[PDB]
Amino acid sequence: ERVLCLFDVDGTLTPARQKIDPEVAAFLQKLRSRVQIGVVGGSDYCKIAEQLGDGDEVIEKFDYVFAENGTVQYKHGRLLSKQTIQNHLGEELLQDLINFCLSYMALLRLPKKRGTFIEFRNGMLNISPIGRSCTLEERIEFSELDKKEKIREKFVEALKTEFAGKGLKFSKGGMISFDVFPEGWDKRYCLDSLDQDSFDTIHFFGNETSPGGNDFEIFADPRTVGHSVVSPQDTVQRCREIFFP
């Protein structure tokens, strides 16, 4: 009777990294007459906020806004505090990680390099072996280089081996970067808080629910009814079938 629908963002509600279609948006508000609705994305809040309305409207349009996998949470218009990756990991392991990344990147000799190789967020370190500080022509340029030299991939292989058994996970962040987060700080993190809000059912929709994907763990988790979608139209489709039959 208390139902929440929880959506991944990229590919599930919106074209990847882009604004939502006003028609999907319009539907989500309709869905809201029956159930509460929320989103969970890997990206920071501002990025998510941008894709889903104007300014900070997203927190008004959605009952739940879980950014950075849920390490950052908005609930019914208001911010709830965030745990810090350093509080969770502690300083020593976090610095072993950081120094390893610095020492590995120092040895990479590329065509170009830019800035902000290691960005410290709430629920992850975002690592970019070229530089988060590049333009569009440069994003595409490194994107090509990464494919050819497997830069991120080899870096991740080396990181996983070095920190084997120490509770870190790595997943790519699309172009030029990868994330490093504590084990358990994938999308499932948001479920722990949601456990306290007395939902009878939590429907999750995601487009990467296959093994490997960033939606897998939350989709497979026994706390959710899992749904696999291919597009924003597939998502609306499914919600119609279940909630408006």
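Residue numbers run from 1 along the displayed sequence.
Of the two stretches examined, 16-24 and 233-241, the record assigns the greater average C-alpha temperature factor to 16-24. Higher mean CA temperature factor, per the PDB entry, when comparing 46-54 with 177-185: 46-54. The entry lists C-alpha B-factors for 169, 88, 148, 75, and the highest of these is at 88. Of all the options 106, 94, 125, 79, the entry's greatest CA B-factor is assigned to 79.
Placement of the Cα temperature factor of residue 111 within the chain: highest third of the modelled residues, per the deposited record. Compared with the other modelled residues of the chain, the Cα B-factor recorded for residue 71 ranks in the middle third. When the CA B factors of the chain's modelled residues are split into thirds, the value for residue 132 lands in the highest one. In the deposited entry, the Cα temperature factor of residue 59 sits in the top third of values across the chain's modelled residues. Sorting the modelled residues of the chain by their CA temperature factor places residue 202 in the lowest third.
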